[PDB]
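Below you'll find the structure, written out as structure tokens, and then a few comments.
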Amino acid sequence: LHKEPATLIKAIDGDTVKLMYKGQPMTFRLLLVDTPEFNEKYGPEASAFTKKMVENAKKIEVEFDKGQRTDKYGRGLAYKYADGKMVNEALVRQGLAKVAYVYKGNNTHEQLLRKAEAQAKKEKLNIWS
Ligand SMILES: Cc1cn([C@H]2C[C@H](OP(=O)(O)O)[C@@H](COP(=O)(O)O)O2)c(=O)[nH]c1=O
Ligand SMILES: [Ca+2]
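Numbering (PDB author numbering), first residue to last: 7 to 43, 50 to 141.
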């Protein structure tokens with residue numbers, strides 16, 4: 007997989023963000039994770061966590077997986093990095109997202125993220141409390 011440049015346009019919620027990618031605005035949905043909707053428990057915390065992470069980043073990158081790059085809503089599907097740290101993994105390690113939506117062919121970082129979820133559950137963090 008390869009990291010590509012993007013710039014922040016605006017935080018949306020725990021697992022979606024609007025970025026400018028190859029010069030075009032697009033909403034990205036983070037691969038392999040599910041945050042609670050803003051209206052649910054830990055929803056506000058997840059949105060705040062991603063917002064801080066993406067707004068504080070000096071360099072944002074997106075990394076597509078091997079499979080579909082857009083979903084049925086026209087959202088980009090990617091791993092997102094903020095100054096070299098993967099947002100997808102960081103949300104799971106913090107118990108602010110569950111590993112979810114694992115579809116054959118877009119699952120390169122599945123085992124990395126499961127490993128993060130195990131540690132978050134071990135620690136009873138957030139969703140796992
Ligand atoms: C993460 C992800 C979501 N989706 C679709 C599945 C779900 O369809 P439905 O909307 O029909 O439930 C929806 C979940 O996204 P959200 O969690 O953002 O709602 O997005 C994909 O198709 N591929 C993916 O990799
Ligand atoms: Ca969600």
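For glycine and all other residues, C-beta sits at the position ideal for the given N, C-alpha and C.
Beta-carbon spacing of residue i, residue j below 8 Å
i, j, result
"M26", "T13", "yes"
"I139", "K110", "yes"
"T62", "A112", "no"
"residue 5", "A90", "Here the chain comprises residues numbered 7 to 141, so residue 5 is not present and cannot be evaluated."
"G20", "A58", "yes"
Chain-order list of residues whose beta-carbon lies under 7 Å from that of residue i (same chain, five-residue window excluded)
i, result
"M65", "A94, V99, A102"
"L137", "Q106, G107"
"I15", "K24, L25, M26, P31"
Beta strand (DSSP E) segment containing residue i, residue limits
i, result
"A102", "Not the beta strand (DSSP E): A102 falls in the alpha helix (DSSP H), residues 99 to 105."
"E122", "Counting along the chain, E122 falls outside any beta strand (DSSP E), though it belongs to the alpha helix (DSSP H) covering 122 to 134."
"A90", "88 to 94"
"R81", "Neither: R81 is in no beta strand (DSSP E) and is coded neither H nor E."
Sequence-distant residues of its chain with Cβ nearer than 8 Å to residue i (five each side left out)
i, result
"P56", "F50"
"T22", "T33, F34, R35, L36, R87"
Boundaries of the alpha helix (DSSP H) in which residue i is found, first to last residue
i, result
"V66", "55 to 68"
Same chain, Cβ closer than 6 Å to residue i, neighbours up to 5 away in sequence not counted
i, result
"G117", "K78, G79"
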